[PDB]
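So the sequence shown is numbered by the deposited numbering: it starts at 25 and just counts up by one.
Here's the structure, in structure tokens; my notes come after.
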Amino acid sequence: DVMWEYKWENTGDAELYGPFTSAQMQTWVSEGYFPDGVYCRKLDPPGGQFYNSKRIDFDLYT
């Protein structure tokens, strides 16, 4: 149950969302909701060093 998140912008104030299953992330990303990519990140464990959805691997978690 790898949970993730996505931030439209790359600021320290930008609103953060995407607290859905890694699967739900692939949908939005694959669907086209993020044509320019988003600041994808994992909820737990929380850390840092964001990564563009277009630079993350959605075939090594679920």
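All residues carry an ideal CB built from backbone N, CA and C; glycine is no exception.
>> I'd like the span of the beta strand (DSSP E) that includes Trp28, first residue to last.
In response: For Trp28, the enclosing beta strand (DSSP E) stretches over residues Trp28 to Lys31.
>> Going by DSSP, what residue range makes up the alpha helix (DSSP H) through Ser54?
In response: It spans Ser46 to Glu55 - the alpha helix (DSSP H) in which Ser54 sits, taken as one unbroken run.
>> Going by the DSSP bridge assignment, what does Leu40 pair with across the sheet?
In response: For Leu40, which the question treats as bridged, DSSP gives the partners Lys31.
>> Assuming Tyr41 and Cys64 are in contact, meaning their beta carbons sit under 8 Å apart, how far apart are those beta carbons, in whole angstroms?
In response: At roughly 11 Å, the Cβ-Cβ gap does not stay under 8 Å, so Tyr41 and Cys64 are not in contact.
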